[PDB]
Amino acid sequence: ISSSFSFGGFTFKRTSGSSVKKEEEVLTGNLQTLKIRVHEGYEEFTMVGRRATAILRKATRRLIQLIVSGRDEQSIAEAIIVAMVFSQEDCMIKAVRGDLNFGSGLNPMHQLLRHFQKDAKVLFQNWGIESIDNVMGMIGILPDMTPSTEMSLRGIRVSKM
């Protein structure tokens, strides 16, 4: 199991928890079957990139929290997309529209990744929103990337730092 690695342009370091991997079949929003290696366990990570940084808390196919800071709207969105994919949420697999086609060297995680970096509107619209507590140093972010002190994309918060 890996504890430091790169994915989606970010450097990940596990800061607590553990996991195991299990091959599973999942069904996209277009009813295409993918085989992915699902991580089971609660883990926390730092994600660091050129234009954004985050703390990610995740469990088995579940994003628990993402606290993200970044240079601008597009950079923050890029980090959110990678976190959503990395979480392996079925919500995210079901947000695929059309087929995921072959590319040499691209495993299904990177197929998903490629798909949503092209256009994340369906992912953002179908992920879920939640009411948020007013917690110091954080704010919500809505599907359309606007700030909110009242609501947010589920599990997602934006920090200054």
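Throughout, we count residues from 1 along the sequence that is shown.
Residue stretch of maximal mean CA temperature factor, 57-65 vs 132-140: According to the PDB entry, the answer is 132-140.
Mean C-alpha B-factor comparison - 106-114 and 121-129, higher one: Result of the comparison: 106-114.
Maximum C-alpha temperature factor, selected from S18, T11, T149, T15: Checking the PDB record, the top C-alpha B-factor among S18, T11, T149, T15 is at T149.
Assigned third (lowest, middle, highest) for the C-alpha B factor of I1: CA B-factor rank for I1: highest third.
Chain-wide C-alpha B factor ranking for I156, given as lowest, middle or highest third: Lowest third of the chain for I156's C-alpha B-factor.
Among modelled residues of the same chain, the CA temperature factor third for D72: For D72, the deposited C-alpha B-factor lands in the highest third.
Among modelled residues of the same chain, the CA temperature factor third for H39: Its C-alpha B-factor belongs to the lowest third of this chain's values.
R50 CA temperature factor, ranked by third within the chain: As the PDB entry reports it, the C-alpha B-factor of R50 lands in the middle third of its chain.
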